[PDB]
Structures are given as structure tokens and as C-alpha cells.
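A quick write-up on the structure given underneath.
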Amino acid sequence: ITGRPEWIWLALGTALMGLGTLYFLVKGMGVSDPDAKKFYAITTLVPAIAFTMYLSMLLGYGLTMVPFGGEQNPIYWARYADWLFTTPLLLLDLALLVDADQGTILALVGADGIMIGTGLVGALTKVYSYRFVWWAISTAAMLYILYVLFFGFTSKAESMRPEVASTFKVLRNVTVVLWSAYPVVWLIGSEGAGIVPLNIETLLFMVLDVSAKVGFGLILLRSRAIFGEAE
Amino acid sequence: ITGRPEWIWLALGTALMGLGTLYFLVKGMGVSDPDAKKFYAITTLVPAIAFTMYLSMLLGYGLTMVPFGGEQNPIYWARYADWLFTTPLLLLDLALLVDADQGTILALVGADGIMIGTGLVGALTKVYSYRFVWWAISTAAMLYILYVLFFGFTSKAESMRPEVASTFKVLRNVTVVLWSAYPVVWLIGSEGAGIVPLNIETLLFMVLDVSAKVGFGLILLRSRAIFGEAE
Amino acid sequence: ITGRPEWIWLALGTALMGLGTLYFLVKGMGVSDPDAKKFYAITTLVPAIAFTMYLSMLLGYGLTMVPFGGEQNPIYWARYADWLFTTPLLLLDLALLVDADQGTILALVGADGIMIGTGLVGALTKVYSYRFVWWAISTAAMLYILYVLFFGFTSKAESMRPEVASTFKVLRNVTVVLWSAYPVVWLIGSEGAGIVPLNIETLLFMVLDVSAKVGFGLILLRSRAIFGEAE
Ligand SMILES: CC(C)CCC[C@@H](C)CCC[C@@H](C)CCC[C@@H](C)CCOC[C@@H](CO)OCC[C@H](C)CCC[C@H](C)CCC[C@H](C)CCCC(C)C
Ligand SMILES: CC(C)CCC[C@@H](C)CCC[C@@H](C)CCC[C@@H](C)CCOC[C@@H](CO)OCC[C@H](C)CCC[C@H](C)CCC[C@H](C)CCCC(C)C
Ligand SMILES: CC(C)CCC[C@@H](C)CCC[C@@H](C)CCC[C@@H](C)CCOC[C@@H](CO)OCC[C@H](C)CCC[C@H](C)CCC[C@H](C)CCCC(C)C
Ligand SMILES: *C/C=C(C)/C=C/C=C(C)/C=C/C1=C(C)CCCC1(C)C
Ligand SMILES: *C/C=C(C)/C=C/C=C(C)/C=C/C1=C(C)CCCC1(C)C
Ligand SMILES: *C/C=C(C)/C=C/C=C(C)/C=C/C1=C(C)CCCC1(C)C
Ligand SMILES: CCCCCCCCCCCCCCC
Ligand SMILES: CCCCCCCCCCCCCCC
Ligand SMILES: CCCCCCCCCCCCCCC
Ligand SMILES: CCCCCCCCCCCCCC
Ligand SMILES: CCCCCCCCCCCCCC
Ligand SMILES: CCCCCCCCCCCCCC
Ligand SMILES: CCCCCCCCCCCCC
Ligand SMILES: CCCCCCCCCCCCC
Ligand SMILES: CCCCCCCCCCCCC
Ligand SMILES: CCCCCCCCCCC
Ligand SMILES: CCCCCCCCCCC
Ligand SMILES: CCCCCCCCCCC
Ligand SMILES: CCCCCCCCCCC
Ligand SMILES: CCCCCCCCCC
Ligand SMILES: CCCCCCCCCC
Ligand SMILES: CCCCCCCCCC
Ligand SMILES: CCCCCCCCC
Ligand SMILES: CCCCCCCCC
Ligand SMILES: CCCCCCCCC
Ligand SMILES: CCCCCCCC
Ligand SMILES: CCCCCCCC
Ligand SMILES: CCCCCCCC
Ligand SMILES: CCCCCCCC
Ligand SMILES: CCCCCCCC
Ligand SMILES: CCCCCCCC
Ligand SMILES: CCCCCCCC
Ligand SMILES: CCCCCCCC
Ligand SMILES: CCCCCCCC
């Protein structure tokens, strides 16, 4: 395990996701409100899935070698397995907060699936120049998602409770900033142009992942917006 | 890319799915009705997914070699990745049109999953005679789906709005004819008996795919059946 | 096929799932009640999926070799493909019976996904001692599911119809006993410590699978709890 310099960040990531999972699990024990239960379920599952995939990367299972540029390049494929399930759960948290219509939710989840799926294909593609074609398609799917979060959701939040409108606005802003960093790190890291070494890349993704999951969850689950308006 | 004679049909397929995706995306921009949004979301996602998988076939990612009959046989596995997601979306379009009950929708999607999954296993099976066992099981799942579309849905459409009944009937008929061709092409093509060469097989699937997705979508999204009855 | 001593149990399993599938399919033909249709759909799909995966194991497709302990160890990976889809369907049968809230259903299905997914990783892991780390995480996800079935569902059933409360209690008890055997068989069988040989392991899983699917389904589909209260 320690044979890879990036192991320290995989281990820290595993620990922080594990701790985040346990914290949300305990916190949600005292919850009976049916609406709050939905948000706790979604939000606890996110770091639990990430915990398993960080562990698989730490132990070496979630790593494969991909030939491109005349080299055997270490590619952590387990990231995409994580993201396939956790990024639509994160979007679902946002969509339920603002009572999004079903068509909009399906558009978001579908675009998200395309985003992660094409990122996976790009990560595993052996023809170097083609990796960036997949990156571009994935990034276009991301831009669609960000567009919807701003010009379909923000003006939906404003007709809702003030506490859900303010909580949505904060989580929207956190999401757009954090999620936009992922394609940049991929592009300059070992999957793309290879300018930033894998150990630093792994650190960067770990900070983004913990912030986008445990950070996000801490903000959401401390808000009164997750509860039905009750006396 | 041009090293494979079937590349021209993969390229045309990619282009037509891409163009179809953009057309539906633009067309749905001016839509606020919650019901119509569902149909636009579902129907736009279908060629978008197909676009990505056609591209993966064009660039060579979605192709693998399978030993059977003492030969290395080129198998485009990306078709099944496409179909796994797009065929239940197509069925969902039909089921929502007639306000199908939840049990029926689950039966359809489940049978569809079995249909595509067993087709994938058959496509990748190395014992030649066993490929046709999987083809038979998949075809039985197809026949179940077609049965339900006729003797569970058609008589559901008739108690609904005339515009939804007439639109459903047309899309049902398009679906049954087009979908029934797929097992025949598989059986006589490079996956099955090998009587029709891969380049012609690829052409045939491209025509079926564009018709079943973009053709289907053009009929559906031009109907007033996708809108709630409103003043 | 007969080259593997466990083939007889794979063949019997295939037959019993096939027969169970046909029986439930015929039985549900005379059903119009929308609630009952949901239970028939879910419950018929379960042995149908299991039938396909038992067949893939019989024909040899669903088997791979995994190096650990200095040996090439036969691992039937198709079990996890089965279980990935059938265990959440089984939980859905239980959850719908007691009209579980959406948050609880998502927690169950999510924990179940983690349970099966980590079992799959453990089954395919090449570092022997690490296989048991994945077994432990999977078992913890199982224990969460069993906890919810007892201390979240049982007291939900009691405020419902007596026929649904009594049917739920029986199916809950069947589920907890049968499902708890699976991690034990894995641990002592060819995936784990290797004390019980593969042919006996295969027998054990076949008895558990038929009981947990066809047995379970026979109890559920003969109950009046699956019908809406109607005059
Ligand atoms: C509604 C939304 C969910 C829409 C989803 C959007 C989605 C369509 C976007 C594209 C997803 C698609 C790229 C998934 C591809 C998975 C694939 C990378 C798995 C690895 O297999 C690739 C090659 C080795 O590089 O296998 C070597 C050759 C092997 C023989 C491969 C044969 C097995 C195939 C992988 C079977 C395909 C199954 C499905 C792709 C399962 C989806 C997995 C998940 C990653 C989407
Ligand atoms: C409700 C509905 C959705 C019901 C669904 C119906 C469904 C059950 C029908 C059968 C689906 C099943 C056949 C999927 C099999 C996928 C498999 C072909 C992927 C390729 O792996 C096959 C071999 C190489 O040929 O791998 C070589 C050996 C490798 C070590 C394989 C180990 C990895 C396994 C593939 C893990 C299994 C994961 C699940 C099958 C994911 C499902 C993918 C999708 C195609 C259904
Ligand atoms: C809401 C709930 C559903 C939550 C779900 C919980 C879930 C997160 C729990 C963990 C699931 C995760 C372990 C699935 C891993 C599948 C993996 C074993 C498939 C086989 O690939 C493993 C190695 C060979 O051993 O591939 C060799 C290297 C290859 C290059 C691998 C590259 C292809 C990757 C497999 C692509 C990943 C796609 C997704 C994992 C699809 C999920 C399949 C299913 C088994 C969950
Ligand atoms: C918890 C994990 C999260 C929130 C991950 C988010 C990841 C993305 C938004 C990834 C986006 C990518 C692209 C837009 C193109 C390049 C490849 C990706 C997959 C890194
Ligand atoms: C957009 C793509 C569509 C609508 C594809 C539909 C495909 C089918 C109905 C495929 C059916 C098959 C069988 C019935 C058995 C042989 C294998 C298949 C998968 C080709
Ligand atoms: C129809 C099949 C059923 C109901 C299978 C149930 C399987 C399980 C509950 C498996 C559990 C496992 C663990 C808890 C850890 C070890 C690995 C598994 C996957 C066997
Ligand atoms: C969105 C953030 C992307 C920028 C990442 C900056 C990383 C700087 C680290 C120094 C680069 C290491 C190069 C020498 C090894
Ligand atoms: C459902 C349509 C299946 C029939 C396809 C007919 C294809 C005819 C093309 C000629 C066959 C090529 C054989 C000589 C290369
Ligand atoms: C939950 C049941 C696990 C116990 C399984 C008992 C199997 C006993 C069979 C005898 C073991 C075979 C060892 C000699 C080959
Ligand atoms: C490819 C995996 C996509 C599914 C991820 C799980 C999250 C799905 C959330 C469903 C949202 C509800 C839509 C109506
Ligand atoms: C194996 C992939 C199956 C899921 C495909 C995505 C479409 C699912 C549509 C869900 C229909 C709603 C059922 C209640
Ligand atoms: C990884 C596969 C998980 C999906 C299995 C299919 C069963 C899903 C049942 C959905 C229950 C409804 C939740 C709201
Ligand atoms: C186009 C929608 C406006 C809100 C999205 C902001 C786009 C940020 C760009 C992210 C950088 C990705 C490379
Ligand atoms: C049995 C349901 C009647 C409607 C379905 C028509 C079946 C068409 C056969 C398709 C050919 C597949 C090989
Ligand atoms: C902790 C919840 C109480 C009900 C679950 C009973 C646990 C049975 C243990 C199963 C054995 C697995 C190794
Ligand atoms: C070796 C790099 C070749 C450049 C490929 C860039 C493609 C980016 C596509 C953006 C439309
Ligand atoms: C080499 C071909 C052997 C014939 C197999 C046909 C099987 C079809 C099954 C239909 C019930
Ligand atoms: C070779 C076996 C080494 C023992 C591993 C047991 C790990 C079990 C983890 C339970 C917390
Ligand atoms: C990680 C295993 C958890 C099993 C005990 C249940 C913890 C309490 C959860 C309350 C919903
Ligand atoms: C509760 C702490 C969980 C941390 C387990 C994984 C950390 C890796 C240590 C090497
Ligand atoms: C908008 C046109 C999209 C076409 C891109 C793929 C066509 C392949 C050209 C070689
Ligand atoms: C209807 C009987 C189904 C049995 C088919 C599979 C049994 C395997 C026989 C070798
Ligand atoms: C993006 C950083 C999130 C910070 C989380 C802090 C949570 C405290 C309530
Ligand atoms: C099956 C062929 C469909 C033809 C689509 C034409 C759409 C015009 C409205
Ligand atoms: C766990 C054993 C189940 C027994 C099923 C018998 C069904 C008869 C109604
Ligand atoms: C990591 C366990 C958290 C302890 C409880 C925190 C207050 C709910
Ligand atoms: C008003 C919300 C500001 C949140 C910005 C957080 C940036 C990481
Ligand atoms: C809305 C601001 C987006 C900031 C992008 C930051 C990418 C590192
Ligand atoms: C391909 C872009 C379509 C242009 C608009 C068509 C009329 C909505
Ligand atoms: C009355 C609907 C006829 C549609 C037939 C289309 C055949 C491709
Ligand atoms: C309902 C008519 C089906 C026609 C099947 C055509 C197959 C090529
Ligand atoms: C296996 C076929 C079952 C025959 C009908 C049983 C009574 C519904
Ligand atoms: C009162 C229900 C008892 C069911 C026990 C079944 C054990 C296999
Ligand atoms: C509730 C009793 C569980 C019995 C476990 C049996 C495991 C073989």
C-alpha cells in the first residue's frame, strides 16, 4: 500500500468519509419527520459509497494501468464508480429541496450519467488525442447541469419557503464552484496532459470530494429546510 | 478509424444522433408545462446516450474481439450499453402516455433489462451453440414486452384523451415493427449465423436506431398528447 | 458442463427458478387490482433474473478464475449480478407491504447496494487477507438492513391492516433467517476460508436462493395483503 506516494491522501480520504458517514448516521437517529428522513438517507449514503471506493483505491483494487503516450499510466477507475452513484444523489438533494418537477430531475440525472460515463470512457481510452474528445463531451454535460441549477432551480427556490431558498442558494453556490474544479484537475492531471503529478492530483480530488460530500452534507443537515413546516 | 469498412455507417449514425439530440434540446427550450417537460427530458436523453455510444464505436472503444467458430469475431459491445438505458426510456415514453400503473411499468422495464442483458451475454458467449440459447431467452422477453404493449396498453389508451389514444397507437405500431427487426438482424449478422457481413449489419442497425429514436421522437414531440389538458 | 461437480446444483437451481418464474407469471394473469399488480411484477421478476444467472453459471459464462492463496480459485461472479438486482426487489416487496416512507426505502436499497457491491469486490480481491475486510463491511451493511426491518418496519406494520401485519411478520422472519446464512456460507466456502468445498457451497446457495425467492414469493402471492381493501 505504502509503495504508492499518493497512499497518504487515499488513507486520509477513507478516514474522513468513514467519519462523515458515522456522524450523519448518528445524527439522523433522532429523526421521524418523513421529509427529513429523505434528506438524511440521501446524504448519509453519499459518503458511505465514497468510503468504500476510497478504500478500494487504498488497497489497490480500484486502480488499473492504461497504455497511452507510450507509457503504462496508473488510472484510478474507482472514482467513476463512486461518482456514478454519488453525483446523482447530490443532485437529488438539491432537486428535492426546491420540489423540482419530475422531468427536470430526469434531465439532471441523465445528463449527470452522461457526464460520468463519458469521463470514464475518456479515462480508459488508449488513443491519447481521443481522451480529450470525451473530456469535452463530459464537460458539455456538466455545463448543462450547471445551467439548470441556475436558470431552472434558483427561480424555483424563490417561490418556496425562505429557509429552503436560502439553504438552496448556499448549496447551489458550493456545488457550482466545487464541481467545476473536477474537469480542470482531470485535464492537467495524470488522466489528461500530465502536468500535475498523480500524488498532487490525488490530494486535490480528496479535498474536493470531502468538501463536496461531507462539507455539503454538514450545511444541508443543519438546516431547518429539510423539515416539513410543522407546528 | 477508416480501417473498418463499417466506419461510414458509424459516422453517419453519430451525426444523426447528434443532430437529433440538438434539435430536441432546442425544441424543448420553450416548454413550461410539467407533463411536456417529462416527455422532452426522456425523449432528448435517448439520442444523447445513443450519440455517445455511436461515437465510442466509431473511435474503436466500443468494440471487442470474441473467439467463436475458430475465429476472432468483432463484436460491438457498446450497442448493449446504449440499449440498456435507451430502450427502457423509450418504453417509459409509451407508458407515461397512457398513464400506466406502476406494476406494469416495472414489469416492462424489468423484462426489457432481461432482454438486453441476455442479448449481451449471448453476444459475448464463446461457445457458438450457446449464443442462440441466449438469443431465444432474450426474444422471449421481447415477446412479453410486445404482448403487454398490445393487450395491456392499447385498451388503456382508449379510455384516455383521443389525442393520446391516437398518438399512442401510432408510436406502438412504430415500436413493434422496428423493435422486432433487431433480433432478426442479430441472428443473421456477425453475432449469430454470420450470413450478412458486419458492414451491412451496421447499416441495418443504424437505420433501425435512427428510426426508433429520432423518428419516434419526432412523432411524439409534435403531438399535443404530451401536454396536460389546459385552457 | 458436467466437467464441474457442482453442475448438478446449478442445473437444479436453473430448473427451479425457471419453474417458479412460469408459475408466478401464470398466477398473475388473472389480476387487475393495481396494488396486486405491483407485487406480482416485483415478485415474478426476482426468479426470472435468478433463472438467467443460474443458467449463465451452468453454461460456464458466469465463472471466472481469481488468483489468491497461490491458487487459481473458481469464483462464480454471476451470483452478484443476480443479487444486485434481486435483493433490492425483495426489500421493495417488504417495504411496499408496510407502506414505507421514501427515505427509508432509499436507505434500504442503498445499504443493499453497498452490501452486494462490497461482496463482489471481496470475491474478486487478490490479496487474501483483504477479502475479509470487504466481507466485514458488507456484513455491517447487512446488519443495518436487518436492524431497519425490525426497528423501523415491524412497528410500522402494526398500525396497518391485520392481514398485512401478519404477512409482513412472516416474510420478515423468513428474510432475516435466510439472508443471515449467506455471509456464513461465503466465509467458510471457496470465497473465504475454503473449509467447505465448492460443490457443497453451491448446493447451500441453491437451497437458500430457492427458499428466499420462490419460497418467499409463494407466501407473499397467496396472501390477501397484496390486494387493496375493496368490497
Ligand atoms: C440515464 C443515465 C444512467 C444515462 C447513462 C449515460 C451513459 C449511457 C453514458 C455512457 C455509459 C457507458 C460509457 C458505460 C461504459 C462502461 C464501460 C467503461 C465499462 C468498462 O468496459 C470498457 C472496456 C475496457 O475499457 O471493456 C472491455 C470490453 C468488455 C467486453 C466490455 C463488455 C461489458 C460492457 C461494459 C457491458 C455494458 C454494461 C453497461 C455499460 C453498464 C453501465 C456501467 C456504468 C459505468 C454506466
Ligand atoms: C430490473 C432489471 C434491471 C433487471 C436486469 C436484468 C439482468 C439481470 C439481465 C442479466 C444482466 C447480466 C447479464 C449483466 C452481465 C454483465 C456482463 C456481461 C458484463 C461483462 O462481464 C462478462 C465477462 C466477460 O464476458 O466478464 C469477465 C469476468 C469479470 C470478472 C466479471 C466481474 C464483474 C461483473 C460483471 C459484475 C456484475 C455487475 C452487474 C452485472 C452490472 C450489470 C451491468 C448491466 C449490463 C446489466
Ligand atoms: C445506490 C446504490 C446503488 C449504491 C451502490 C453501492 C456501490 C457503490 C457499492 C460498490 C459498487 C462497486 C464496488 C462496483 C464495482 C464493480 C466492479 C467489481 C466491476 C468489475 O471490475 C473490477 C476489476 C476487476 O476485478 O475491473 C478491472 C478494471 C476495469 C478497467 C474496470 C473499469 C470499469 C469499471 C467497473 C466501471 C465502474 C462502473 C460501475 C462500478 C458500475 C456498477 C456495477 C455494479 C456492480 C454496482
Ligand atoms: C463527490 C464527487 C463529486 C461531486 C464529483 C464530481 C465530478 C465531476 C463534476 C466530474 C466532471 C468531469 C468532467 C466534467 C469532464 C472530465 C472528467 C470528469 C469526470 C472529471
Ligand atoms: C434504440 C435502440 C433500440 C430500440 C433497440 C432495440 C433492440 C432490441 C429490441 C433487441 C432485441 C434483441 C433480441 C430480442 C434477441 C437478440 C439480441 C437483441 C438484443 C438484438
Ligand atoms: C436471492 C438472493 C439473496 C436473497 C441473497 C442474499 C445475499 C446476501 C444477504 C449476501 C450477503 C453477503 C454478506 C453480508 C457479506 C459476504 C458476502 C455476501 C455478499 C454473501
Ligand atoms: C482548480 C485547481 C487546479 C490548480 C492546481 C494547482 C496545483 C499546484 C501544485 C503545483 C504543481 C506541481 C508541479 C510540480 C510537480
Ligand atoms: C429485417 C431485415 C433483415 C433482412 C436484411 C436483408 C439484407 C440484404 C442484404 C444482402 C445480403 C448480403 C449478402 C451478400 C454479402
Ligand atoms: C449456515 C450453514 C453453514 C453450515 C454448513 C454446514 C455444511 C456441512 C457439510 C460438511 C462440510 C464438508 C467438509 C468435508 C468436505
Ligand atoms: C447510472 C446510475 C443512475 C442511478 C443513480 C441513483 C440515483 C437515482 C436517483 C433517482 C432520482 C429519481 C428520478 C425520478
Ligand atoms: C438496468 C438499467 C435500468 C434503468 C434504466 C433507466 C430507466 C428507468 C426508468 C424507471 C421507470 C420508473 C419505474 C417506476
Ligand atoms: C444498483 C441497482 C439498484 C437498483 C435495483 C433495482 C431496484 C430499485 C428499486 C427502487 C425502489 C424505489 C425507490 C424510490
Ligand atoms: C453556462 C451555465 C452558467 C453557469 C455555469 C458556469 C460555468 C463554469 C465553467 C466551469 C469550468 C469547466 C471547465
Ligand atoms: C405475442 C404478442 C403479439 C404481438 C407481438 C408480435 C410478435 C412479432 C414477432 C417478432 C419476431 C421476433 C423474432
Ligand atoms: C442488529 C439487528 C438485530 C437483528 C439482526 C440480527 C443479526 C443476525 C446476525 C447475522 C449473522 C451474520 C454474520
Ligand atoms: C493530443 C491533443 C490533441 C488535441 C485534442 C483536443 C480536442 C478537444 C476537443 C474540444 C472540442
Ligand atoms: C450451432 C447451432 C445449434 C442450434 C442451437 C439452437 C438453439 C435455439 C434454442 C431455441 C429454443
Ligand atoms: C488471512 C486472514 C487475516 C485476518 C483478516 C480478518 C479481518 C476481519 C476484519 C473484521 C473487522
Ligand atoms: C454500521 C452498522 C450500523 C448498525 C447499527 C444501526 C445504527 C443505528 C441506525 C439507526 C437508523
Ligand atoms: C473510523 C476510522 C476509519 C478509518 C479507516 C480507514 C483509515 C485507513 C487507515 C490506514
Ligand atoms: C453536429 C455534427 C456532429 C457530427 C459529429 C460526429 C460526426 C463524425 C464525423 C467524422
Ligand atoms: C422448464 C424447465 C426449465 C429447465 C431448463 C434448465 C434445466 C437444465 C437442464 C440441463
Ligand atoms: C465548502 C466548504 C464547506 C464547509 C463545511 C462547514 C460546515 C459547518 C456547518
Ligand atoms: C418510422 C419512421 C418515422 C418517420 C419520422 C418522421 C417524423 C415526421 C413528423
Ligand atoms: C422458507 C420456506 C418457505 C416455504 C414456502 C412454502 C410455500 C407454501 C405456501
Ligand atoms: C462520530 C460519532 C458522532 C457522535 C455524536 C455526535 C452528536 C450527534
Ligand atoms: C452566499 C453563499 C456563498 C457560498 C460560497 C461558498 C464558496 C465555496
Ligand atoms: C461560479 C464560479 C465558478 C468558479 C470555478 C472555479 C474552478 C476552480
Ligand atoms: C439543430 C438546431 C435546430 C434549430 C431550431 C429548429 C426550430 C426549433
Ligand atoms: C396507424 C399507424 C401506422 C404506423 C405504421 C408505421 C410502420 C413503420
Ligand atoms: C406487427 C408486424 C411486425 C413486423 C415484423 C417485421 C420484422 C422485420
Ligand atoms: C407451471 C404452470 C402453472 C400451471 C397453472 C397453475 C395454477 C395457476
Ligand atoms: C411466525 C413466523 C415464523 C416463520 C419462521 C420461518 C423460519 C424459516
Ligand atoms: C433471527 C435468527 C437468525 C438465525 C441466523 C441463522 C444463520 C444460519
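Using Swiss-Prot numbers, chain A covers 17-247, in order.
A Cβ is built for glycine as well, from the same backbone N, Cα and C atoms used for every other residue.
Under the heading transmembrane segment, Swiss-Prot lists A:23-42 (among others).
The topological domain 'Cytoplasmic' annotation in Swiss-Prot covers A:43-56 (among others) and is backed by experimental evidence. Counting residues 6+ beyond its ends, the topological domain 'Cytoplasmic' (A:43-56) has Cβ neighbours under 8 Å at 109, 112-113, 236-237, 242-244, 246 in the same chain.
As annotated by Swiss-Prot, transmembrane segment applies to A:57-75 (among others).
Through the fold, the topological domain 'Extracellular' (A:76-92) approaches residues 17, 20, 69, 139-144, 147, 206-207, 210, 214, 218 of its own chain, all at least 6 residues removed from its boundaries and within a Cβ separation under 8 Å. Taken from Swiss-Prot, the feature topological domain 'Extracellular' applies to A:76-92 (among others).
Positions annotated as transmembrane segment by Swiss-Prot: A:93-109 (among others).
What Swiss-Prot records for A:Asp98 is site 'Primary proton acceptor'. Within the same chain, the residues at least 6 positions away from A:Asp98 (site 'Primary proton acceptor') whose Cβ sits under 8 Å from its Cβ are A:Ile65, A:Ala66, A:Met69, A:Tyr70, listed in sequence order.
Nonlocal intrachain contacts for the topological domain 'Cytoplasmic' (A:110-120), taken as residues 6+ away from its ends with a CB within less than 8 angstroms of a stretch CB, comprise 54-55, 58, 164-165, 168-169, 172-173, 176, 180, 183-184, 187-188, 191, 236, 241-242. The topological domain 'Cytoplasmic' annotation in Swiss-Prot covers A:110-120 (among others), and the record cites experimental evidence as its basis.
What Swiss-Prot records for A:121-140 (among others) is transmembrane segment, and it gives experimental evidence as the kind of evidence.
The feature topological domain 'Extracellular' is assigned by Swiss-Prot to A:141-147 (among others), with experimental evidence given as support. Same-chain neighbours of the topological domain 'Extracellular' (A:141-147): 82-85, 207-208, counting only residues six or more beyond its ends whose CB sits under 8 Å from a CB of the stretch.
Among the features that Swiss-Prot reports, transmembrane segment is placed at A:148-167 (among others), with the record citing experimental evidence.
Through the fold, the topological domain 'Cytoplasmic' (A:168-185) approaches residues 110-111, 113-116, 120, 235-236, 239-241, 245 of its own chain, all at least 6 residues removed from its boundaries and within a Cβ separation under 8 Å. Annotation source Swiss-Prot lists topological domain 'Cytoplasmic' at A:168-185 (among others), citing experimental evidence.
Among the features that Swiss-Prot reports, transmembrane segment is placed at A:186-204 (among others).
The feature topological domain 'Extracellular' is assigned by Swiss-Prot to A:205-216 (among others). Panel annotation: around the topological domain 'Extracellular' (A:205-216), residues 21-22, 25, 85, 89-91, 138-139, 147-148, 151 of the same chain, lying at least six beyond its termini, place a Cβ under 8 Å from a Cβ of the stretch.
The feature transmembrane segment is assigned by Swiss-Prot to A:217-236 (among others). Sequence-distant contacts of the transmembrane segment (A:217-236), counting only residues of its own chain at least 6 positions beyond either end whose CB sits under 8 Å from a CB of the stretch, comprise 22, 25-26, 28-29, 32-33, 36, 40, 55, 59-60, 62-63, 66, 70, 92, 95, 102, 106, 109, 113, 183, 186-187, 190-191, 194-195, 197-198, 201, 205-206, 242.
Residues or ranges marked as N6-(retinylidene)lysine by Swiss-Prot on the basis of experimental evidence: A:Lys229. Remark: A:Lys229 (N6-(retinylidene)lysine) has A:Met33, A:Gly36, A:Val62, A:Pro63, A:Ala66, A:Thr102, A:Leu106 as non-local neighbours, by Cβ distance under 8 Å and separation of at least 6 in sequence.
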Quiz item: What else in the chain is close to the transmembrane segment (A:148-167), if you only count residues 6 or more beyond its ends and a Cβ gap under 8 Å?
Solution: 107, 110, 120, 123-124, 127-128, 130-132, 134-135, 137-138, 141, 188, 191-192, 195-196, 199, 202-203, 208
Quiz item: Residues sitting near the transmembrane segment (A:57-75): Cβ under 8 Å, six or more positions beyond its termini, same chain?
Solution: 17, 23, 26-27, 29-30, 33-34, 36-37, 40-41, 44, 92, 94-95, 97-98, 101-102, 105-106, 108-109, 112, 225, 229-230, 232-233, 236-237
Quiz prompt | For the transmembrane segment (A:121-140), sequence-distant contacts whose Cβ falls under 8 Å of one of its Cβ atoms, 6 or more beyond its ends | solution = 80, 82, 91, 93, 96, 99-100, 103-104, 107-108, 111, 146-151, 153-154, 157-158, 160-161, 164, 202, 207
Quiz prompt | Spatial neighbours of the transmembrane segment (A:186-204) far in sequence, C-beta under 8 Å, 6+ residues away | solution = 106, 109-110, 113, 135, 139, 148, 151, 154-155, 158, 161-162, 165-166, 169-170, 211-212, 217, 220-221, 224, 227-228, 231-232, 235-236
Quiz item: How does the topological domain 'Cytoplasmic' (A:110-120) divide up by DSSP, counting helix, then strand, then coil residues?
Solution: 7 helix, 0 strand, 4 coil
Quiz item: What counts of helix, strand and coil residues does DSSP assign across the topological domain 'Cytoplasmic' (A:43-56)?
Solution: 8 helix, 0 strand, 6 coil
